[PDB]
Amino acid sequence: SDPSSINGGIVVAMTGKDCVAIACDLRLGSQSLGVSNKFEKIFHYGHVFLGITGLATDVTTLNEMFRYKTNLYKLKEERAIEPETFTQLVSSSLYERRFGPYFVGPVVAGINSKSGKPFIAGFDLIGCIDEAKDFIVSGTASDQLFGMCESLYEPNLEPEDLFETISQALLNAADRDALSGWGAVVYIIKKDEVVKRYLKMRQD
Amino acid sequence: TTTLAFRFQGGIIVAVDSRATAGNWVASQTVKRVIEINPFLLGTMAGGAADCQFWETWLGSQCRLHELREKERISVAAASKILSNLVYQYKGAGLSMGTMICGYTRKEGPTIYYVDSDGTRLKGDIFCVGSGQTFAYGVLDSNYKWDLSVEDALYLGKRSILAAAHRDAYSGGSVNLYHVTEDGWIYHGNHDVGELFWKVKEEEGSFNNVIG
Amino acid sequence: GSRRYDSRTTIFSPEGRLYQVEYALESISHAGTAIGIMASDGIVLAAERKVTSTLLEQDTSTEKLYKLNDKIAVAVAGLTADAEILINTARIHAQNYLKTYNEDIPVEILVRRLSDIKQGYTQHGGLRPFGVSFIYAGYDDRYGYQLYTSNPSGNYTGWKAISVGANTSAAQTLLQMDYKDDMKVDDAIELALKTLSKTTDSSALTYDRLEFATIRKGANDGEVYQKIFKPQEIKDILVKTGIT
Amino acid sequence: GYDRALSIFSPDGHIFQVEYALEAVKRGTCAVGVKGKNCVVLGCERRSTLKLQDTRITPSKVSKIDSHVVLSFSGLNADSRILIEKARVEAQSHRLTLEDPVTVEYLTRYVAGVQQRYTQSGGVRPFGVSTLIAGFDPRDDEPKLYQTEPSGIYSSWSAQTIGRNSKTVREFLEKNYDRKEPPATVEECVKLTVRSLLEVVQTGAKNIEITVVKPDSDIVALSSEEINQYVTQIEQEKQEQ
Amino acid sequence: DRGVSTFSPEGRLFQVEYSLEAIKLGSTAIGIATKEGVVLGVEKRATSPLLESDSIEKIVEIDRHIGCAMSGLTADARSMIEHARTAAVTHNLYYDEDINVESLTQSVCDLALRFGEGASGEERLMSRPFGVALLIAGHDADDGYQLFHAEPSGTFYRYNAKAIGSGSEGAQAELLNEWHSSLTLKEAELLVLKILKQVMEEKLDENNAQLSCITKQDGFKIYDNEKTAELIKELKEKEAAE
Amino acid sequence: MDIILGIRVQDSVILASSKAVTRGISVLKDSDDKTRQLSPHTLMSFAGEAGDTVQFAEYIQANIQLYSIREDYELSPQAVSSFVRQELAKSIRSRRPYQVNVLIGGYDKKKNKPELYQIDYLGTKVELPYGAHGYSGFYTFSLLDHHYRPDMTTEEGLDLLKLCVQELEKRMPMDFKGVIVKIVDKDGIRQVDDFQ
Amino acid sequence: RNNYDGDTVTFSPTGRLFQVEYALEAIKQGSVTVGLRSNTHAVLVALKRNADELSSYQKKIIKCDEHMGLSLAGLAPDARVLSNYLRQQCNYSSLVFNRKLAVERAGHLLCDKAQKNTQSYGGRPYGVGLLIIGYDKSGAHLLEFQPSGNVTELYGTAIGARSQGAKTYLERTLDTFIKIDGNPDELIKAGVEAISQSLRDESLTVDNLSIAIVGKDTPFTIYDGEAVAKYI
Amino acid sequence: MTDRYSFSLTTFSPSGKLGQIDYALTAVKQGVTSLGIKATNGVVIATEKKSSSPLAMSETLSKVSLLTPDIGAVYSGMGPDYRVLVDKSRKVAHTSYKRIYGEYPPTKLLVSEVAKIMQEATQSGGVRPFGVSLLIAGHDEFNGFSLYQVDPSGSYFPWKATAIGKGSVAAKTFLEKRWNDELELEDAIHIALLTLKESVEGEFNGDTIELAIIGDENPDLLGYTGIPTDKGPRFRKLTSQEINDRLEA
Ligand SMILES: COc1cc(/C=C/CCCN2CCCN(CCC/C=C/c3cc(OC)c(OC)c(OC)c3)CC2)cc(OC)c1OC
C-alpha cells in the first residue's frame with residue numbers, strides 16, 4: 001500500500017578524488033517474501049550511471065525509457081550524454097508525471113568526459129534535484145544510509161579507499177533493513193575505467 | 001434461485017425454479033428463468049433478472065446476424081464467447097449475471113458454457129447457479145451418469161431443483177424443464193413444486209421428516 | 001470552392017501508374033549517386049555529395065549517410081529534409097521495438113515500416129510523396145548482413161549491390177559486371193569508389209565530394225561496428241585505390 | 001481531413017479510378033493458382049527487370065495469412081502489403097472471438113470488403129492489386145481458390161491467373177483444366193502450374209516461384225531445383241515433338 | 001471541376017444519373033409477385049468457364065421473410081445488404097416482431113444519397129452513390145407478398161413485376177404482357193425462366209441462372225441446380241406448343 | 001489462492017498449475033488448464049482475478065501468433081516476456097488494471113536454453129530457476145532452495161515438483177484439486193499425462 | 001458554356017444562384033399537387049405518378065403531426081428528410097411546451113433549414129417543393145415551400161408538372177372556395193376540380209388520387225384508394 | 001474557420017521539380033544580400049539595413065536576431081516570413097531543448113529544427129513554402145563555432161563562409177579568395193565589411209549596415225553576478241558607432 005516499499009532496495013553514491021562510486025543491494029521482494037537475489041538497480045548509458053530504488057516495475061520501466069531517450073540523444077547530438085545534462089533529463093521526465101508519478105528514487109553518477117569533474121545527484125519521485133558533492137542515498141534503508149555516510153565519509157578519497165567506504169556504508173545499512181540485502185554491487189568509476197565488484201554479505 | 005444444466009448421452013437437460021424475491025417478499029412464483037435465445041440455444045437466468053433477460057435476448061440477435069453472414073449454425077463456443085466478451089467490457093460497472101449457455105451442434109456435441117458478470121467463461125458437464133445451487137449439486141453429483149436415459153435425466157434435473165426449492169427460502173414456485181437435442185430444444189413443461197413435492201415424497205419415499 | 005486548386009496527388013493515370021510517384025522518382029534521378037554493396041564480411045555505403053564549394057564544410061556536413069541504429073545505416077538520394085523526417089521516424093521505431101522486446105529491431109521490420117509510411121502518402125491524405133530513395137545497410141542475427149532499397153512508392157527490395165539517384169543504369173551495369181559473391185569488404189570498397197568514378201557527372205572524384213560508411217564484424221565476434229568515414233580517411237583510401 | 005471524392009462515376013457509368021487500378025494489375029508480374037483434387041498450387045513469376053538482387057531477403061510473392069491460408073497478388077507491391085497486414089490481423093481476431101480459424105471464403109470476403117470500401121471513400125484511391133487466396137477450411141479436405149479485384153468483387157475458381165499476359169495463360173488454362181479430372185496429385189498439379197506459367201515467362205526456372213497448400217496447414221515453398229526439374233521435364237516432353 | 005452532388009440544368013443529380021448507367025451494364029435480375037408468393041431470378045453471367053458458378057451470389061437472404069436480388073456493381077451491394085440484415089434483426093430485438101418489407105426497404109434507401117464532400121448537417125460519408133440496384137422481395141401480415149425496386153436515388157417503387165439490368169425494358173415489356181393478378185407461383189417461375197432466356201447472352205441452364213422464392217409458409221428459399229434444371233425442362237416442353 | 005509454479009531444469013521448463021475453479025462457495029470445476037501456448041516453444045501460465053486472467057492470456061496469445069505469421073519467425077522467450085511485461089505495466093496505470101500473474105516458460109531454440117520468467121500484475125518481471133505466484137512461494141521455496149540443482153533432469157525436476165505439491169496439499173487450507181503439469185523443451189510442449 | 005453553376009456557393013454576375021435554380025427545375029418535373037383552404041379546413045390533393053402499369057404510385061402526402069402535414073413535388077428523399085425534420089420540431093413543441101407548433105413557425109424552420117444548404121460549400125440545395133396545410137390556433141393554413149428557402153402563405157396553390165392550370169383555376173374561384181366553411185367533402189371536390197386543370201392527358205384513377213384533410217373538427221388524415229372513389 | 005485545404009500546394013512537376021520551392025528560392029535571390037564568415041575564434045553575420053523611406057526607423061529594422069544567447073540568425077528574402085520563423089525558432093529552443101535538458105540547443109540541432117518547420121511548409125496541406133533563406137551562426141561547447149545556411153526546401157549545410165540574396169554570386173567569389181582557416185574574429189569582420197561594400201548600392205555606414213558576432217562570453221551582458229559557472233551570452237550585435245569606427249579601413 002506504500003508503493004515505494006513493496007519491493008525494497010537501496011542505492012548510494014559518493015564522490016572521491018577524480019572518481020565516483022555507486023552501489024546497490026540486489027534484493028527484489030514482494031513485501032516479506034524474498035523473490036530474487038539478482039535484481040540489480042544500477043544502469044549505464046555511456047559513461048553515465050543511474051541507480052533506481054522504489055517500485056520494481058517502475059525501476060524497469062524507467063531504465064528502458066532512459067535507454068530509449070539516451071539512444072536518440074546520441075543519434076542526434078553525435079555524442080554521449082553527460083551526467084549534468086542527464087540529471088536534467090531525469091528531472092524533467094519525472095515531472096512529466098507529476099500527477100501520477102513513478103514511485104522511484106533515482107541517483108545519478110558519472111565523470112564529465114570534457115571537464116573530468118566528478119558528479120552525483122539525487123531526485124525524489126517527482127523530479128526535484130539534490131546535487132551534492134559528498135553522497136546521495138535512496139531506498140528503504142535511506143536513514144541508515146544517511147547515518148553511515150555522514151560518519152564514514154571523508155572528501156577526496158582515492159578510488160580504492162572510496163571503495164572501502166562506500167561498501168561498508170551500504171553493507172552495514174542493509175543489515176539494519178528488513179527489505180534490503182541478498183547481495184550487493186559496487187561500481188568504482190574514473191574517466192579512464194570502471195570496475196564492478198560484487199560483495200559478500202549475509203543472506204537473511 | 002436455482003438453475004441447473006448438465007449434458008449426457010441424450011443431449012442437455014436444463015432445469016430451473018421460478019421464484020423472484022425482493023427482500024423477504026416473494027414478488028413472483030412464475031418467472032421464466034430459461035431464456036430461449038433461439039430454437040437451438042438456451043440460457044439460464046441468475047443474478048440480475050434484467051441483465052440476463054436483456055443481453056441473452058441481444059445474444060439471440062447476434063446469433064442470427066452470424067447465420068446470415070456465414071450461412072451456418074453458430075457454435076456454442078462462439079455464441080458463449082459473444083456473451084462473455086460483451087459482459088467483460090462492462091466489468092466493474094455493476095452488471096450481475098450467472099448463466100449457462102447451452103446448445104447441441106454437430107461439430108461440438110452437447111455443450112455447456114458457464115458465463116458470469118465477472119468475465120468468467122467455462123466449458124463443463126454439470127453446472128448449478130444461484131442461492132439454491134449447493135442443494136441441487138448434491139442430488140446431481142450422486143446420480144449423474146453419462147448413460148442416463150432421457151426420461152431419467154429429465155427426472156434427475158427435476159428432482160435436483162425440488163431438493164433446492166425445499167431447503168432454500170429463495171427458490172421454489174415451479175420447475176421448468178428443457179431437453180436440448182441437436183435438432184434443437186424441447187420444452188418439457190412447468191411443474192408446481194407444491195404438487196410435485198407431495199407426489200415425489202409419496203412415490204419416492206424421500207423427505208421422511210415432513211408430515212403429509 | 002477549393003476543389004479547383006487540388007492537384008489530386010494520389011490518383012492513378014489511365015495506364016495505372018501514380019503521377020506523383022513517377023514524378024518523384026524523376027526528382028530522385030537528379031540527386032547525388034549512392035551505392036550499397038554487400039560483401040561476405042560487411043556492407044559498403046558510398047555516395048556523391050550533389051553540391052560542393054570550397055567553402056562548404058566537409059566534416060560538419062551530412063546529406064547522404066545517416067545512422068539509424070548502432071546496427072543499421074541508410075544512404076540517401078533525394079530531398080535531404082524529406083529524408084530527415086523519415087529518418088527520425090525510423091530511429092524512433094527502432095527504439096520502440098527495443099523497449100518492447102529488449103532486442104534490436106531486425107533490419108527488414110524497420111525497412112517495412114518505413115516503406116509502409118511512404119506507401120500511405122500515395123494512397124490517402126492528398127499530400128505529395130516524399131522525394132527520397134533509401135539504401136539500407138544493416139545486421140541482425142536472423143539474416144546477418146542485409147542490403148535494402150526503398151523508393152517513394154513505398155516499395156522495397158533486397159540487394160547484393162545496388163545504386164540510387166543519378167545514372168543508375170550506368171552504375172547497375174558496372175556493378176553487375178564486377179560483383180562476386182565471395183567478395184570481401186576491401187574489394188567492395190574499391191568496386192564502389194570505382195563505380196562512382198565512372199558515373200560522376202563531374203571532372204574527377206575527390207574526397208571532399210564523397211561520403212563513406214562501412215558495417216563490419218571487427219575484432220570481437222558478436223558485435224558489429226558502424227564506421228562513418230572522416231574526410232581524411234576517405235582521402236587516404238582514395239589514394240590507396242587508383243585515384244589521387 | 002482530406003475527403004475529396006476521387007472514385008466517382010463518369011457519364012458512361014464507369015468509375016475511372018477503379019478501372020485505372022485494374023491497369024496497375026495488368027502491369028504486375030503474372031500470378032496463377034490451380035486446384036488439385038487434394039491440394040492447391042500457387043505459381044508466380046519473378047521480375048526480370050534487374051539482377052544482383054538478394055534472393056533470401058526480398059519479399060516473396062506468396063504470403064501466409066494464417067497457417068492454412070495463403071495470399072498471392074498482382075499489381076502495386078506497396079499496396080499489397082497493406083491488404084496483407086489487415087487480413088493477418090483479421091485472421092487472428094477471428095480466432096480470438098470465435099475459437100475457429102477463418103474459412104478461405106470468409107477471409108476472401110474480408111479482403112474484398114476492404115478494397116470495396118476504398119472505392120467509395122473520400123480521400124483514398126482504390127488498391128492497385130488483385131489477389132488469389134487459397135487454402136483449406138479448418139477440418140476440411142476440399143481445396144479452396146478465390147480471386148479478388150480492386151472493385152471489391154470476388155469469386156471462386158477451379159484455376160485462375162492475374163497480371164501480365166494473364167489473358168494468354170487463362171486461355172491455356174481453360175484448354176487444359178478438365179474440371180471432371182483435376183490434377184489428382186501434388187505432382188500433376190505442380191506440373192500443370194509450371195506449364196501455364198512457363199509459356200509466358202521464358203525458360204527461367206529462376207523466374208518462377210511455387211508454393212503448395214495441402215489440408216491441415218501443410219504449406220511448402222519449393223526451391224528452384226524442384227522447379228528446375230519441373231521445367232526440364234516438359235522441355236523434353238515437348239522436344240519429343 | 002464540379003461537386004459530386006451537383007444538379008444538372010434539368011434538375012437531376014449527375015452522379016445519381018451516371019450510376020443508373022452502371023446499373024444497366026449489370027447482369028439481369030427479375031422479380032414477379034404472385035399471391036402464392038414472390039419469385040426472384042438472376043442471370044449469373046460468368047466471365048470464364050474456369051469460374052465456379054456456385055460462388056456467384058446475386059440473390060441473398062435478408063431475414064426469413066425478406067429476400068434480395070441485385071444488379072450493377074455487386075461489390076457495392078455488400079454493405080447495403082449488411083445494413084438491411086442489421087435493420088431487420090434490430091427491429092426484431094426492439095419490438096419482438098418481423099419488420100415490414102416496406103420499412104426495411106425504406107431503411108436501405110435512406111442509406112443512399114448519403115454521399116458528398118461536406119454537406120452541412122451531420123455526416124454524408126460516402127464518396128459516390130451506390131452503383132447497384134435491388135429487387136427486395138418479402139411478405140408481411142399487413143401487406144401480403146411484395147416486390148420493391150431500390151435505386152441509388154434513394155427512391156423505391158413497388159412493382160407487381162420488375163426487371164433491372166441488361167435488357168430490363170426488353171424484359172419489362174415482356175412482363176407487362178404476361179403479368180395478371182391471378183398468376184400461380186409455379187407459373188411465375190416458368191415466366192421468370194422464359195424472360196431470362198430471352199435477354200441472357202448465354203443459353204439458359206441451371207448453371208448460369210438461379211431462381212428463388214419467398215413463401216409465407218417456408219420463407220425465403222434459393223433453388224438448387226437440380227431443382228432449377230427441372231423447371232428449364234418444364235418450360236422447354238411448354239414452349240414447343242402452338 | 002490458485003497454484004502457479006514453475007521450475008527450469010537442465011534443458012527443459014516445467015509448469016504446474018492448480019486445477020480448481022471456485023466461485024464463492026462452490027468448486028465449479030476441477031479440470032481447469034491455467035495455461036496458453038504462445039509459440040510452439042513458449043508456454044504461459046496465469047492466475048488472478050476471475051475475468052482478467054483468460055482475457056489477458058488470449059490477448060497475449062493472439063499477439064504472439066500474429067507476430068509469428070507476419071515474420072515467419074518464432075519470437076524468443078526473452079522477447080515474448082518483455083512484451084508481456086510492458087503490456088502489464090501499461091495496464092497497471094489504466095482505468096481498470098488486468099489483475100493477472102504469469103509465469104513464462106520457454107525453450108530458446110536459438111540458444112538451446114530453457115528460460116523461466118516471473119511477472120506480476122504490476123509489471124515486475126524477473127528471470128528465475130523456479131518461481132511461484134501468490135502464496136505458493138511461501139510453502140515451496142524452502143523445498144526448492146534446498147533440493148534445486150541447475151543440472152537436474154526433467155525426471156528429477158518432476159520429483160522436486162511432486163514434493164512441492166505434497167507440502168501444499170498438507171499445509172494449505174484450500175483444496176486446489178491437484179495440478180496440471182506441462183513441459184517445454186526443444187521438441188515443444190507436452191502435458192504429463194498423469195501426475196499425483 | 002457558363003462557369004457559375006458548379007456549386008451553390010457561386011453568384012453569377014447577374015446575381016443568380018444556378019444550383020438553386022436547377023433544383024427549382026427538379027420540382028416542375030415532379031407530378032402536380034394542389035393545396036387550398038377555407039376557414040374550417042385545408043385540403044391537399046396530389047397526383048401520384050407511376051412508372052409502369054406494373055408499378056405503384058409514389059406517395060405524395062406526408063403527415064407531420066396530428067394537425068399538420070404536407071404534399072411533395074420533386075425529389076422524394078428530400079421530402080423525407082424535410083418532413084422528418086418537421087416531425088421533430090412539431091414533437092419538440094409538444095414535448096417541451098405542450099404547445100401545438102404554429103404552421104407559420106414550421107414554415108420559418110423549413111426556410112432556415114433550406115437556406116443553410118445554399119450558402120455552404122459541398123452542400124446541394126433541396127430538390128423538392130412542399131405545400132403544407134394545418135389547423136392551428138389561428139385557423140386553417142396553407143404554405144408553399146421553395147428550396148431557395150422561400151415560403152408563402154396562400155389561400156390556395158399548386159406545384160409541379162403543368163401546375164399552372166390548377167393555379168389559374170384557383171385564382172378565379174378564390175372568392176368561392178374560401179367561403180366553403182363546415183363542408184369538407186365539397187372543399188375536396190373544389191380541390192379535385194382545380195387539379196383537373198393540369199391533366200395532359202390522363203384521367204384521375206383511384207390509384208393516382210391522394211387527398212389529405214385537416215381542420216377544426218378533423219386531425220390530419222390521408223385518404224387513398226377506395227376512400228377517394230367518392231370524388232371520381 | 002473551414003480550412004478545406006488539406007491537400008498539398010507543393011507538388012512534383014513531370015520534370016521532377018518542386019515548383020513552389022524553386023519559386024521561393026527565386027524570391028530569395030531577389031532579396032537583399034547578407035553574408036556570414038567563420039573565424040577561428042568567432043563568427044560574423046552581416047546584411048544591409050535598406051531603409052525604404054528615410055522616415056522609417058533604422059533600429060526598428062532588425063534583420064539580425066538573437067535566437068539563443070549563443071546563436072544568431074540573419075536572412076535574405078521575405079522579411080515577414082523570417083520574423084515569424086525567428087519566433088518559432090526561439091520557442092522551439094526552449095520547448096524541445098531548454099525545458100528538457102536544462103540548456104540551450106547546440107547550433108546544428110536548432111538548425112535542423114528550423115529546417116523541420118520549413119520542410120513541413122513544403123508538404124503540409126494548405127501552405128506555401130517560406131520565402132527565405134537563413135544564415136545561422138552559433139557556438140555550443142562540443143562543436144565550437146559553426147555557420148549554417150537553411151533554405152525554403154528544408155535543406156541546410158555548414159559553411160566556412162557564404163552569402164545569399166542579390167549579390168550572392170559576386171560575394172561568394174570574393175569570399176572564396178579571402179577565406180583562410182586562420183582568421184581572427186576581427187579579420188573576418190573586416191572581410192565581411194569589404195564584401196558588403198560591393199553589394200550595397202548606396203550609402204554605406206553604421207546605420208545602413210547590420211552586424212552580429214558569435215564570439216567571446218560577455219559577462220558584462222549577463223545582467224547578474226554570483227554564479228561563476230554562468231558566463232555571458234556569446235552573441236553580440238555591433239553598435240553603429242562600432243561599425244563606423246572600423247570603417248576607417
Ligand atoms: C439465483 O438468484 C439469486 C442469486 C444471488 C447471487 C447471484 C449470483 C450470480 C453469480 N455471480 C454474479 C454476482 C457477482 N459475482 C462476483 C463479484 C464481482 C467483484 C467485482 C470487482 C470489484 C473490484 O473492485 C474495484 C475489482 O477490482 C479490485 C474487481 O476485479 C477486477 C472485481 C460472482 C458471480 C442471490 C439471490 O438472493 C437474493 C438470488 O435469489 C433471488
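A note on names: the letters A, B, ... follow the listed sequences, proteins ahead of strands, and every chain is numbered from 1.
Here the side chains of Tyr18(E) and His14(D) are not in contact, with every heavy-atom distance at 4.5 Å or above.
By the 4.0 Å N-to-carboxylate-O rule, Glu52(E) lies close enough to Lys35(D) to be salt-bridged with it.
Smallest separation of non-hydrogen atoms from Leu51(E) and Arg179(D): O-NH1, 3.3 Å. Across every non-hydrogen atom of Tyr177(D) and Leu50(E), the tightest pair is CB-CD2, 3.9 Å. Of all the heavy atoms in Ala75(E) and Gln116(D), the pair that sits closest is O-CG, 3.3 Å. Scanning both residues, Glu174(D) and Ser48(E), for their nearest heavy atoms gives OE1-OG, 2.9 Å.
No more than 12 heavy atoms of other residues, nucleotides or ligands shown are found within 6.0 angstrom of CD on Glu202(E).
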What's the verdict on side-chain contact (heavy atoms from CB on, under 4.5 Å) for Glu117(E) and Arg4(D), showing C-alpha distance, side-chain angles and the deciding distance? CA-CA 6 Å; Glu117(E) 257 158 288; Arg4(D) 179 116 130 101; 3.6 Å; yes
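Highest contact tally toward chain E, considering only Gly113(D), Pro11(D), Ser155(D), is held by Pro11(D) [criterion: heavy-atom pairs under 4.5 Å]. Of the residues considered (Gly123(D), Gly1(D), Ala159(D)), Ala159(D) shows the highest number of contacts with chain E, using heavy-atom pairs under 4.5 Å. Each of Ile15(D), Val124(D), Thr119(D), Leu145(D) has some count of heavy-atom pairs under 4.5 Å with chain E, and the biggest count is that of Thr119(D). In terms of heavy-atom pairs under 4.5 Å with chain E, the best-connected choice from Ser151(D), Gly152(D), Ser121(D) is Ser121(D).
Only the backbone of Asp12(D) comes within contact range of chain E, with at least one heavy atom under 4.5 Å from a heavy atom of that chain. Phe130(E) touches chain D through backbone and side chain together, each having a heavy atom under 4.5 Å away. For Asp76(E), the parts lying near chain D are the backbone and the side chain together; criterion is any non-hydrogen pair under 4.5 Å. Using a 4.5 Å cut-off between heavy atoms, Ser10(D) contacts chain E through its backbone alone, with no side-chain atom that close.
Partner of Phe9(D) under the side-chain contact (heavy atoms from CB on, under 4.5 Å) criterion, out of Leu20(E), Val16(E), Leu73(E), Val4(E): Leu73(E) alone.
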